[PDB]
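One chain comes next, on its own, written out as structure tokens in the form deposited in one PDB entry.
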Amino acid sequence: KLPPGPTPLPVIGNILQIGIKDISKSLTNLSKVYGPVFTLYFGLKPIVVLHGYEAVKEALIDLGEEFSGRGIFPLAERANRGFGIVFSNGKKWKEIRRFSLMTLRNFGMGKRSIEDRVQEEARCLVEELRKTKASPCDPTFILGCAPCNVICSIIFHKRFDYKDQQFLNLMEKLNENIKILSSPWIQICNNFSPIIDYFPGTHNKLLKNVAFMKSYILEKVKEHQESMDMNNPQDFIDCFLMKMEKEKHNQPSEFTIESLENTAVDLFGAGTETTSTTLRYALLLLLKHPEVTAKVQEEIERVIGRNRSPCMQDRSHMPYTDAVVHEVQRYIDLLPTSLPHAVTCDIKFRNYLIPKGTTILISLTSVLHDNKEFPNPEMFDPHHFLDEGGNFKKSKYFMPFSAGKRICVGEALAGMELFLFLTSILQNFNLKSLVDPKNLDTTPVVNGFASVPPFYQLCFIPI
């Protein structure tokens, strides 16, 4: 059989029992009734929900391959999103993923490392923060530019100037699509309808935005072709063309110009917003707990001092910082239900039959907020990642990037941006709150499957 669930209604399945507002709260409530594995219907569509470390680890990790499909909804084809990495399945995905993992290796693309692209961005970021002359600031935009720029430098081999028009509207489009894609109407409700697209105009703005981005990418591709150096690949495009001019005899190939721009658009989509929000929420949390910021600053001072840029080598020497960054990710739980999975064939799971192509919802929340692994899991507290001797304490339960065969492609990259951007910020600034710390609220604003910090302002005071 399928795993037990609330018994559906005919046709609207379980829809009107789900708290649409905070899905992860609802999934957790359900697990109190039906335990760690359970089924929900979203309009005939069966969705098995995994809750808790044990359930998640066995699916994602022990049954890795079987749990490796991307769950597909109406929106997947309504915004043409199954032709890059994030929303691909089968051979197309295996190939572009394995390729993309190779290229995004630290030395994956020539003599400039990923570290060096990030280090550069950290200096520019510190610079822009100086330019605000310690005056009150919504860091939203500035923090957003840094991750967007890292993506640009990884793909086109250039960073941009933060005022370069080509950069601003590239971010605008991305920012537009992101905000749209986070509407519950779009993310959810328009998915209760298999056939009729109920937001034509919206899907249109979505795709028009993609086209702008896709066309800009093509310009850079034509430029990369004319200036090709086979022995000197320098970014993601160079690598991709070389994989092409090499698959030329395996026609037709998973690697085409079209799969390139789609992969690029994927990386811009997956690479900016979540990193950007993670930084924005890190600063919020740092303001709220200035003792925490104080300790990071001690670590920076003692390990890196005020001369050079920080660098990834430093992290092994800065367990307290490391614990902070982890604890930020853990606490804010930005993707409460990851992205959706599908099984790749039919399988028995503990005690059930799950049919090839059935949608799987992983509850990351249940893992990040395990109250035995992380006592008081709703308090922000970097001690969740420290031993009683104050060394870094790894946790199997650290899954803000998911786990298994679909684990975030930017795990190592995001981990480097957060460390370098955070340590550079605090090396060069103290953070002044407007309101008093005691009043400021840091609890996540949840909208469906989306988690976001409260609006806030602060000042970046030089040292």
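Quick note: we count residues from 1 along the sequence shown, nothing fancier. Shifts are known only where both forms have a C-alpha. For clarity, a rigid core is taken as the largest C-alpha set superposing within 1.5 Å between two forms.
One more form of this protein should be noted, the form deposited in another entry, which is absent from this view; the next part is about it.
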### Task
Quick one: lay the two forms over each other on the core and tell me which of 103, 358, 187, 153 moves its CA by at least 2 angstroms between this form and the one not shown.
187
#### Entry: Rigid core fit then residue 439 CA moved by 2 Å or more between this form and the one not shown
no
#### Entry: Large Cα shift (2 Å or above) at residue 14 between this form and the one not shown, core-fitted
yes
### Query
Fitting the rigid core first, would the Cα of residue 255 be found 2 Å or more away between this form and the one not shown?
no
## Note on the structure
A change of 3 Å or more separates this form from the other: in the other form, the C-alpha atoms of residue 341 and residue 14 are farther
### Query
Do the C-alpha atoms of residue 251 and residue 80 sit closer or farther apart in the other form than they do here, given a shift of 3 Å or more?
closer
### Summary
The moving segments between this form and the one not shown, taken as three or more consecutive common residues whose Cα atoms each shift by 2 angstroms or more on the rigid core, are 1 to 21, 71 to 81, 106 to 108, 184 to 201, 443 to 450
